[PDB]
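To start, the structure under review is shown below, and the notes come after it.
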Amino acid sequence: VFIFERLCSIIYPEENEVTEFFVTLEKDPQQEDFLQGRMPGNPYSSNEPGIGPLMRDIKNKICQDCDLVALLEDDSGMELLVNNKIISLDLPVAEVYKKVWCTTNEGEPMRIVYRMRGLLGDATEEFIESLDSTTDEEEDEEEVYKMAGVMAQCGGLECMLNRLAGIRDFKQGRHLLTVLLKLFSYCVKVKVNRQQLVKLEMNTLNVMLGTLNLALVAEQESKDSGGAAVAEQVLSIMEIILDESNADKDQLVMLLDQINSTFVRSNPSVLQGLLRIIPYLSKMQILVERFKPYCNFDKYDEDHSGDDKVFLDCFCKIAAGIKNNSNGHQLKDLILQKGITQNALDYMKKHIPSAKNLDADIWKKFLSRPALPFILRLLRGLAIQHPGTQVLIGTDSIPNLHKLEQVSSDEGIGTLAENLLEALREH
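Just so we're aligned: the sequence shown equals residues 4329 to 4575, 4590 to 4624, 4630 to 4774 in the entry's author numbering.
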């Protein structure tokens, strides 16, 4: 653990948190007669209750200790000044100390002058709203994390993967697992490390999926085990590695079991991360049959459970994420053979209005059907780069889709129909 912590601190030196500093809380000398009370505890330690984490907490402490109750609920009524600059109450006291005070008065207690706003006229002092540079310049990770590039050359990534694969007990391994994943999050910032991790010889995907499964099982057995945070980190690292790689079916089924898992459902972040990696990984027959009941559109319009909706949205996202390769084609062929595409076309043919006036109430009522957005998204996802699906939709549905693409609705049905027609133009 200590070796990997030391490697993290070499790659990305966390700025030394200012462990303890002192502050003095003084009245504006020009408001001495207007402000009741005085702060008696000068200098105050940064570790003292009410001295942070925000400048607002100091303002609230001054209002409380000086009995200025009317200013306690009003964040606009009191100003805090450091080095004759007005400091935003949203800023961290430790950052104000480091970035504003220590620039001129390093090692002295930070003098905070407090005053009532507008009592002597308009403030003429500079207002510091953000301690961070106003410039939105983005730090170059390839330069910021440049030292992580050594891990590709020294066999460091291979050592880290072997260490990750060696962790069989989540409870004992948690601390090592957290440090290794922190180090991986720095390593994936650098292109040389991403390209090394993409090599099949590294077995990166299987090790990461093993670590994900270990974290998911640990959180299912014991709530708040920390498996959730580990699973989220693994899913984020996997997304980056799988994206670089693109720039088995049993594992896909294990991932869908997680969509069913209440833990993953209750954890939107883990579910989101999981739903982002599922496309890249694309048994299959069983899961396609499992998504077939989720295609009760008429029933969906009548009534559907939050899960039915979530599952129908997830199936639309899966269908859109199926890549153009032999296995992706076989999965789309299986979905076509299971009749899911035909059932979506039969629903549209049954419910589409014959009225020529698109503003008619019958059209509004058709466009507001709950299943219709999901049908158009699903059909698009299945049609992209899949001639069998394109031909089936292109047989009889073009005149109806071409009516739909012309409609504006609050559900965006016209735009969804146009996007489906654009996917069908591949054929």
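All C-beta atoms in this analysis are idealised placements derived from N, C-alpha and C, irrespective of residue type, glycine included.
Legend entry - Neighbourhood of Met-4479 by C-beta distance below 7 angstroms, restricted to the same chain and skipping five residues each side: Counting only Cβ-Cβ distances below 7 angstroms, and skipping sequence neighbours, we find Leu-4485, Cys-4515 and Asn-4521.
Legend entry - Entirely enclosed alpha helix (DSSP H) segments - the region 4717-4765, minimum 4 residues: As far as the region 4717-4765 is concerned, its whole alpha helix (DSSP H) runs of at least 4 residues are 4719-4730, 4734-4743 and 4745-4751.
Legend entry - Start and end residues, beta strand (DSSP E) containing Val-4424: That residue, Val-4424, is in no beta strand (DSSP E); its alpha helix (DSSP H) goes 4421-4424.
Legend entry - Straight-line Cα distance separating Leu-4400 from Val-4410: In a straight line, the C-alpha of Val-4410 is about 20 angstroms away from that of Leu-4400.
Legend entry - Residue closest to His-4733, alpha-carbon to alpha-carbon, out of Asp-4757, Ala-4764, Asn-4747 and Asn-4672: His-4733 has its Cα closest to that of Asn-4672, out of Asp-4757, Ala-4764, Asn-4747 and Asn-4672.
Inset, instruction - Taking 8 angstroms as the cut-off, decide whether the C-beta atoms of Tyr-4442 and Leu-4382 are in contact. - result: No.
Inset, instruction - Rounded to whole angstroms, what's the CA-CA distance from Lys-4387 to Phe-4332? Just pull it up for me. - result: So the two alpha carbons sit approximately 41 angstroms from each other.
Inset, instruction - Kindly indicate which residue of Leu-4417, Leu-4723, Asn-4704 and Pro-4717 has the alpha-carbon position closest to the one of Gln-4689. - result: For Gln-4689, the nearest C-alpha among the options comes from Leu-4723.
Inset, instruction - Could you say which of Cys-4661, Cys-4663 and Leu-4509 lies nearest to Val-4535 if we only look at CA atoms? - result: Taking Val-4535 as reference, the option from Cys-4661, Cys-4663 and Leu-4509 with the minimal CA-CA separation is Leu-4509.
Inset, instruction - Could you spell out the range, first to last residue, of the alpha helix (DSSP H) harbouring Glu-4636? - result: Here the alpha helix (DSSP H) through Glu-4636 covers 4631-4638.
Legend entry - Sequence-distant residues of the same chain with beta carbon closer than 7 angstroms to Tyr-4473, five excluded per side: Around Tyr-4473: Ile-4339, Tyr-4340, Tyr-4514, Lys-4517 and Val-4518.
Inset, instruction - Going by CA-CA distance only, name the one from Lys-4630, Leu-4419 and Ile-4565 that's closest to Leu-4681. - result: Comparing alpha carbon positions, the residue from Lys-4630, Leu-4419 and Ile-4565 closest to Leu-4681 is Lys-4630.
Legend entry - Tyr-4473 in three-state terms, based on DSSP: Residue state, collapsed to three classes: coil.
Inset, instruction - Compute the beta-carbon to beta-carbon distance between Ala-4543 and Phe-4498, rounded to the nearest angstrom, for a pair I have assumed lies under 8 angstroms. - result: Going by Cβ atoms, the distance from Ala-4543 to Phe-4498 rounds to 7 angstroms, so yes, they are a contact pair.
Inset, instruction - Determine the burial state of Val-4754: buried for a count of at least 16 other Cβ atoms within 10 Å of its Cβ, exposed for fewer. - result: Of the other Cβ atoms in all chains shown, 16 or more fall within 10 Å of the Cβ of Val-4754; this residue is therefore buried.
Inset, instruction - Starting from the Cα of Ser-4573, find the closest Cα among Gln-4593, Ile-4699 and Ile-4565 and give me that residue. - result: Out of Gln-4593, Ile-4699 and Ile-4565, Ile-4565 has the C-alpha closest to the C-alpha of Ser-4573.
Legend entry - Whole-angstrom distance between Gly-4405 and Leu-4363, CA atom to CA atom: Note on geometry: alpha-carbon atoms of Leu-4363 and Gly-4405 lie some 12 angstroms from one another.
Inset, instruction - Note down the Cα distance separating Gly-4675 from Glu-4470, rounded to an integer number of angstroms. - result: The straight-line gap from Cα to Cα measures roughly 34 angstroms.
Inset, instruction - Would you mind giving the Cβ-Cβ distance between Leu-4597 and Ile-4620, rounded to the nearest angstrom? I have them listed as a contact below 8 angstroms. - result: The Cβ separation is near 5 angstroms, so the contact holds.
Inset, instruction - On a CA-only basis, which of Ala-4707, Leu-4492, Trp-4710 and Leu-4767 is nearest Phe-4721? Give me that one, please. - result: The candidate whose alpha carbon is nearest that of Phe-4721 is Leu-4767.
Legend entry - Of the listed residues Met-4488, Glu-4466, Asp-4418 and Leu-4448, nearest to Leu-4459 (C-alpha basis): For the residues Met-4488, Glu-4466, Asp-4418 and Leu-4448, the minimum Cα distance to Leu-4459 belongs to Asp-4418.
Legend entry - Residues that residue 4275 bridges to, as DSSP identifies them: Nothing in the structure corresponds to residue 4275, since the chain is present only between 4329 and 4774.
Inset, instruction - Name the residue from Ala-4718, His-4749, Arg-4334 and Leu-4705 whose alpha carbon lies nearest to the alpha carbon of residue 4324. - result: Residue 4324 lies beyond the range of the chain shown here (4329 to 4774); nothing can be said about it.
Legend entry - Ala-4718 burial status per 10 Å Cβ neighbour count (16 or more: buried): Counting every other CB atom within 10 Å of its CB across the protein chains shown gives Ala-4718 a total of 16 or more, marking it as buried.
Inset, instruction - Check whether the Cβ atoms of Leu-4751 and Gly-4761 lie closer than 8 angstroms to each other. - result: Yes; because the gap between Cβ atoms is below 8 angstroms, this pair is in contact.
Legend entry - Proximity below 8 angstroms, CB of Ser-4624 to CB of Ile-4687: The answer is no: Cβ separation not under 8 angstroms.
Legend entry - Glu-4457 and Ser-4416 closer than 8 angstroms at C-beta: Cβ atoms of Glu-4457 and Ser-4416: closer than 8 angstroms.
Inset, instruction - On a CA-only basis, which of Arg-4445, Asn-4433 and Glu-4423 is nearest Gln-4358? Give me that one, please. - result: When only C-alpha atoms are compared, the closest one is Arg-4445.
Legend entry - Rounded separation between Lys-4426 and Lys-4711 - CA only: Taking the straight line joining both Cα atoms gives about 60 angstroms.
Legend entry - Segment limits, alpha helix (DSSP H) that includes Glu-4560: Residue range 4555-4574 is occupied by the alpha helix (DSSP H) that includes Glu-4560.
Inset, instruction - Could you name the residues that DSSP lists as bridge partners for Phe-4455? - result: Answer is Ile-4414, bridged to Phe-4455.
Legend entry - Bounding residues of the alpha helix (DSSP H) (the contiguous stretch that carries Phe-4332): That run of the alpha helix (DSSP H) goes 4330-4339.
Legend entry - Proximity winner among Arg-4439, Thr-4347 and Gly-4435, relative to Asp-4356 (alpha-carbon distances): Cα-wise, what sits closest to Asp-4356 is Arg-4439.
Inset, instruction - Please report how far the alpha carbon of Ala-4666 lies from the alpha carbon of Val-4738, in whole angstroms. - result: Approximately 17 angstroms, taken between the alpha carbons.
Inset, instruction - Could you tell me the distance, in whole angstroms, from the CA atom of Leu-4692 to the CA atom of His-4651? - result: Counting only the Cα atoms, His-4651 lies some 20 angstroms from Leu-4692.
Legend entry - Environment of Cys-4482 [buried if 16+ CB atoms lie within 10 Å]: Exposed is the call here.
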